[PDB]
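Undergrad: I have a structure here, written as structure tokens, and I will follow up with some questions on it.
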Amino acid sequence: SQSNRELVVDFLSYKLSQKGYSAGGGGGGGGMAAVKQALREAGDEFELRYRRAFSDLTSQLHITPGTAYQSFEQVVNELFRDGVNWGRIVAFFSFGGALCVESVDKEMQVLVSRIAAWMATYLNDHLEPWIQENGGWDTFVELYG
Ligand SMILES: COC1(Cc2ccccc2)CCN(c2ccc(C(=O)NS(=O)(=O)c3ccc(NC(C)(C)CSc4ccccc4)c([N+](=O)[O-])c3)cc2)CC1
């Protein structure tokens, strides 16, 4: 709660900055710090390895003004259908970023605000329970820092 929310905005703003665009950055606003970085690099290397797979993921969802949060959670469960894991999770963050980057290409920067929220809810009702039973995020940074 809250904490995870900060990570989203950070990861999002970061993914956007990579494409030139910008937004409410959060690299040194709240806390975490190490986590934000660990997750930042991870998402970068992750996509680099699975450039093909992920490419299909983003194509399995076209976020639009008339899109229900359900559709989103439906596409995020398929990945976590065979149990949750640090890696598969790292993708979730990347998935949200892609959808956002696409929302900006179609002149729709008012969606990123909604996408960020959707990720927060899904994180605090599907991943939070697990992350807590895996040594919190501190473990993710200690293993994949
Ligand atoms: C086809 O099924 C898939 C593709 C897919 C299916 C459906 C929808 C979307 C995608 C499902 C998604 N997927 C993978 C592939 C591997 C793992 C994996 O190795 N997980 S892990 O828990 O073993 C791990 C390994 C390495 C790192 N970090 C390193 C050491 C820095 C390497 S870079 C990296 C980062 C994060 C994840 C993986 C690599 C981290 N981590 O940082 O959390 C975590 C997880 C999902 C590709 C196949």
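Each chain of the structure tokens is named A, B, ... in the order shown, its residues numbered from 1; ligands are numbered from 1 in display order.
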Could you report the residues within 7 Å of ligand 1, using only C-alpha atoms and all ligand atoms, as an MDAnalysis selection string?

TA: chainID A and resid 42:43 45:46 50 53:54 57 78:79 85:88 90:91 140 144

Undergrad: Name the residues in contact with residue A:2 at a cut-off of 12 Å, using only C-alpha atoms, excluding same-chain residues fewer than 2 positions from it; report them as a list in words.

TA: residues 4, 5, 6, 7, 8, 9, 30, 31, 32, 117, 120, 121, 123, 124 and 128 of chain A

Undergrad: Would you mind exporting N, CA and C atoms of the selected residues as a short mmCIF file (atom, residue, chain, number, x, y, z; two decimals), in the first residue's frame?

TA:
data_model
loop_
_atom_site.label_atom_id
_atom_site.label_comp_id
_atom_site.auth_asym_id
_atom_site.auth_seq_id
_atom_site.Cartn_x
_atom_site.Cartn_y
_atom_site.Cartn_z
N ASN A 4 4.16 0.54 -3.00
CA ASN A 4 4.07 -0.04 -4.33
C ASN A 4 3.60 1.00 -5.34
N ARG A 5 2.66 1.85 -4.92
CA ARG A 5 2.12 2.89 -5.78
C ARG A 5 3.23 3.80 -6.29
N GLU A 6 4.16 4.15 -5.40
CA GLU A 6 5.27 5.02 -5.76
C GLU A 6 6.12 4.39 -6.85
N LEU A 7 6.36 3.09 -6.73
CA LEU A 7 7.16 2.37 -7.71
C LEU A 7 6.55 2.49 -9.11
N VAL A 8 5.24 2.31 -9.19
CA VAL A 8 4.54 2.41 -10.47
C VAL A 8 4.84 3.73 -11.16
N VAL A 9 4.45 4.83 -10.53
CA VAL A 9 4.69 6.15 -11.09
C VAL A 9 6.13 6.31 -11.55
N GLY A 30 9.79 9.85 -2.96
CA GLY A 30 9.47 9.13 -1.74
C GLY A 30 10.67 8.39 -1.18
N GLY A 31 10.50 7.09 -0.95
CA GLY A 31 11.58 6.29 -0.40
C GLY A 31 12.04 5.21 -1.37
N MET A 32 12.25 4.01 -0.85
CA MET A 32 12.69 2.88 -1.66
C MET A 32 14.08 3.13 -2.25
N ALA A 117 -3.07 3.70 -12.01
CA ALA A 117 -3.97 3.32 -10.93
C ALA A 117 -4.33 1.84 -11.03
N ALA A 120 -1.73 -0.25 -9.67
CA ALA A 120 -1.67 -0.14 -8.22
C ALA A 120 -2.66 -1.09 -7.56
N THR A 121 -3.88 -1.12 -8.09
CA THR A 121 -4.93 -1.99 -7.56
C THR A 121 -4.55 -3.46 -7.73
N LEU A 123 -1.65 -4.63 -8.00
CA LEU A 123 -0.49 -4.89 -7.16
C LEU A 123 -0.90 -5.07 -5.71
N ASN A 124 -1.93 -4.34 -5.30
CA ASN A 124 -2.43 -4.42 -3.93
C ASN A 124 -3.66 -5.32 -3.84
N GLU A 128 0.70 -8.08 -3.85
CA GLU A 128 1.02 -7.67 -2.49
C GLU A 128 1.07 -8.87 -1.54
#

Undergrad: Give the helix (DSSP H, G or I) residues of chain A, as DSSP finds them on the backbone, and put them as number ranges by chain.

TA: A: 3-18, 34-49, 51-58, 69-77, 79-82, 86-105, 112-132, 136-143

Undergrad: Determine the nearest neighbour of residue A:62 from the options A:13, A:115, A:81, A:27, counting only C-alpha atoms.

TA: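 With only C-alpha atoms as the atom set, the closest residue is A:115.
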
Undergrad: Between A:132, A:77, A:70, A:1, which has the minimum distance to residue A:92 (counting only C-alpha atoms)?

TA: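 Of the candidates, the smallest distance to residue A:92 is held by A:77.
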
Undergrad: Which is closest to residue A:25 among A:137, A:38, A:56, A:10, if we use only C-alpha atoms?

TA: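 Comparing A:137, A:38, A:56, A:10 against residue A:25, the winner is A:10.
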